[PDB]
Amino acid sequence: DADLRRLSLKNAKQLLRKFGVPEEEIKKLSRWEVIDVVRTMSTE
DNA sequence: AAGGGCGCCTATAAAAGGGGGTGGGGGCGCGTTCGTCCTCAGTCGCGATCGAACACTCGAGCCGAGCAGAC
């Protein structure tokens with residue numbers, strides 16, 4: 001979660017693209033929501 | 001047409017300061033990069049509130065025993 005917050009939005013966007021997260025969540029690009037979704041996907 | 005007589009230049013050294021040059025060096029200014037500080041956002045921890053479960057107390061019902069009445 002510390003390194004996930006240290007992802008600095010842009011690389012988290014590329015990671016969400018890599019996992020196969022749908023483009024709506026990538027599109028809103030809220031940082032906190034993005035990092036919560038990528039933490040959830042790394043839990044999944 | 002011919003017959004005569006003299007300063008210009010050139011050269012040498014030396015000083016003075018200007019005229020007459022573009023080239024090099026130094027200084028200043030501007031721009032870019034890096035570092036530091038501040039602000040914002042996110043995450044984690046703690047506290048408070050709400051809900052659920054368990055325990056205790058009270059009330060009600062049922063059963064048993066005793067007493068009284070009748071045969």
# chains A, B, ... in the order shown; residues from 1 in each chain; ligands from 1
>>> interface_residues(of="chain A", to="chain B", cutoff="10 Å", atoms="only C-alpha atoms (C1' of nucleotides)", output="PDB file with C-alpha atoms, in the first residue's frame")
ATOM      1  CA  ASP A   1       0.000   0.000   0.000  1.00  0.00           C
ATOM      2  CA  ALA A   2       2.998   2.310   0.654  1.00  0.00           C
ATOM      3  CA  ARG A   5       0.689   4.992  -3.195  1.00  0.00           C
ATOM      4  CA  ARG A  31      -5.577   8.402  -7.734  1.00  0.00           C
ATOM      5  CA  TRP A  32      -6.923   7.059  -4.409  1.00  0.00           C
ATOM      6  CA  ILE A  35      -4.626   2.607  -5.858  1.00  0.00           C
TER       7      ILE A  35
END
>>> residues_around(residues="residue A:44", least_positions_apart="5", cutoff="12 Å", atoms="only C-alpha atoms (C1' of nucleotides)", output="PyMOL selection string")
chain A and resi 19+21+37-39
>>> write_last_selection(atoms="N, CA and C atoms", output="short mmCIF file (atom, residue, chain, number, x, y, z; two decimals), in the first residue's frame")
data_model
loop_
_atom_site.label_atom_id
_atom_site.label_comp_id
_atom_site.auth_asym_id
_atom_site.auth_seq_id
_atom_site.Cartn_x
_atom_site.Cartn_y
_atom_site.Cartn_z
N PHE A 19 -3.12 -5.52 -15.81
CA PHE A 19 -3.93 -6.55 -15.16
C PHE A 19 -5.20 -6.90 -15.94
N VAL A 21 -7.88 -4.55 -16.01
CA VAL A 21 -8.95 -3.72 -15.43
C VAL A 21 -9.67 -2.99 -16.56
N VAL A 37 -8.18 0.10 -6.18
CA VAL A 37 -8.50 -0.92 -7.17
C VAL A 37 -7.28 -1.78 -7.50
N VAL A 38 -6.08 -1.19 -7.56
CA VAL A 38 -4.91 -2.01 -7.89
C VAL A 38 -4.49 -2.86 -6.69
N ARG A 39 -4.80 -2.38 -5.48
CA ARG A 39 -4.52 -3.20 -4.27
C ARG A 39 -5.50 -4.38 -4.29
#
>>> atom_distance(atom1="atom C1' of residue B:38", atom2="atom CA of residue A:12")
25.1 Å
>>> atom_distance(atom1="atom CA of residue A:8", atom2="atom CA of residue A:29")
11.6 Å
>>> select_by_dssp(residues="chain A", states="alpha helix (DSSP H)", output="PyMOL selection string")
chain A and resi 2-5+10-19+23-28+31-43
>>> atom_distance(atom1="atom CA of residue A:23", atom2="atom CA of residue A:43")
19.6 Å
